[PDB]
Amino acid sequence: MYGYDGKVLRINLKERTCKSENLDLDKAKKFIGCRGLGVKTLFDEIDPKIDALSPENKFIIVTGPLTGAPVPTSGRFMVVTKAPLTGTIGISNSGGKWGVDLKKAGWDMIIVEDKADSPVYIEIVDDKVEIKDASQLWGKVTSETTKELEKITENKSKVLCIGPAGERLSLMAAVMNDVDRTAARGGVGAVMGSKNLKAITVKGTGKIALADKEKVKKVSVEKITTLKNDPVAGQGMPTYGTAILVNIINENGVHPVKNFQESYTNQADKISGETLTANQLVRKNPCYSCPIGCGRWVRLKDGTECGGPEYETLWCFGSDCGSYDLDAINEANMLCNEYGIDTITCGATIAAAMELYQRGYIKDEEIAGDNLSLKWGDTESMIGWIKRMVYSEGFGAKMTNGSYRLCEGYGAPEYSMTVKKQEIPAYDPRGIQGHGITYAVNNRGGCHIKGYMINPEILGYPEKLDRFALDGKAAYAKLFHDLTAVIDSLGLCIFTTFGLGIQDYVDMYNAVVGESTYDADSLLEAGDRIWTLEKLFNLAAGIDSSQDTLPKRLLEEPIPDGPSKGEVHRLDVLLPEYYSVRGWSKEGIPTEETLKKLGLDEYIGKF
């Protein structure tokens, strides 16, 4: 077909079968692709109440119709499965090259079922698929796993894999691809580990079918020109990476410090993208077909070269732990990529532990055997905790599954900066009202990128809003939630929003898939359908709307100092308005009229 390949790879690890199925084009179009196609597939094939580490969970790797097409940022794909860290839907995105090889191999999506009786890996070369013994790879870090597979797979194969953390079912385990790219949050890597799946190698020799090659080329050249002319997409991101945000968020007084105890630090420029570019940066590391190139390639203190850190990583191993050692952040990022864990949950769990120590919940005797401290700014101890958390060594075992469970153990849940048990990232919502809505209602838990209200409230895209204001924020958050669901579903990068809007996405989709398949209104409505489908999945999984909240600190403790001094998030007023503008009930339940309007009639009367 055009855009979509038309084929799905179903792999049952108990029966050790690899079978081809025809893609349901109607469903793939109705849910756009990638995210939406994966969630609908999972919802249709599992009971959401199941334990996410049970063999009955499904591990889905899905691409979008634009994944692999000659358009800007077409290297994106997603992992969809029940998320074991949160109990919610798991929707984790990754770039690099792996997903493009899968699409060039003729597959739009892989559904992995059940569990292998021993560690295995999947080897794909176009339509050739084999399950093989992975006993000699089990236990190896991402880089070594990749090098070992390169010795026994076809040249040019890309590697997707879990590290030791995923093998041990850590709830902060990530899915790694291309050595340093990752579908990281939700503990999705532990689902792969629960299936005894160590890796999937993929080589694709095909091309993505285009309905109109020359039109696609004309549309692509136009969008790239806009991105290259945009100050952020054309200059800031390529030069400083996402790390460009350090000084921006800090100057607005919404950069979390010491586990959100503060919101501003006069040391932030030591870990800025400007400092990184002037020192350890070797070069950009752009994903497939990407003119932005925000990817970082850096030099570790020992001279080793490797993928560099993103903004959220610079924050969680820097300001959040009271550390301002940039070399150390580069090392921590490498260690998280090698062990296969989400940087954000890792650093913010260490930050929660440092606060529990600050407040006397953790005693010196409990960590003496580890020979590490939990003192703010102790960079060496912070780095040392990573390995101990991954392998459950000494006190590290209490941090292996995240801050929410760690703080519950000490009877101090108030020190876990999480929503649905997932750690909130590097933006203090007390000074960003619309963005705080995203954190509270995000279907995948505490997360900023499924609703980056940072764009309009701080960066001025597509317009500048007053971040302290309340009027209009609920509706704006809904729009960003639905637009992000479209971009995730297409197989493109969210950073295209630095220059592009809905019509640009319609232009690229129609040029690739077929003239007039979607219009700006129908496509955004599809994003609303996808977000609402995720909500129904969470309701079926037992995730009540009462889990739409923020830590008490962010609702009651005014920011103590800085440009946002005095502010708290006003969720009490914004959440009901968010449900209302979504067409949901006061208990956050999609109404019968809303389900009919979104084409979700099969779910009427069930919630």
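Numbers follow the displayed sequence, beginning with 1.
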| item | value |
| --- | --- |
| Given 457 to 465 and 349 to 357, the range whose Cα B-factors average higher in the PDB entry | 457 to 465 |
| Between the two ranges 505 to 513 and 266 to 274, the one averaging a larger CA B factor in the entry | 505 to 513 |
| Highest recorded Cα temperature factor - choice among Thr146, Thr438, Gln136, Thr418 | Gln136 |
| Out of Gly64, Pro551, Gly36, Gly566, highest CA B-factor residue | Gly566 |
| Lowest, middle or highest third - CA B-factor, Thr400 | middle |
| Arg181 - which third its CA temperature factor falls in, relative to the rest of the chain | lowest |
| Lowest, middle or highest third - CA B-factor, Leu470 | highest |
| Third of the chain's Cα B-factor distribution that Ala52 belongs to, per the entry | highest |
| Among modelled residues of the same chain, the CA temperature factor third for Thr73 | middle |
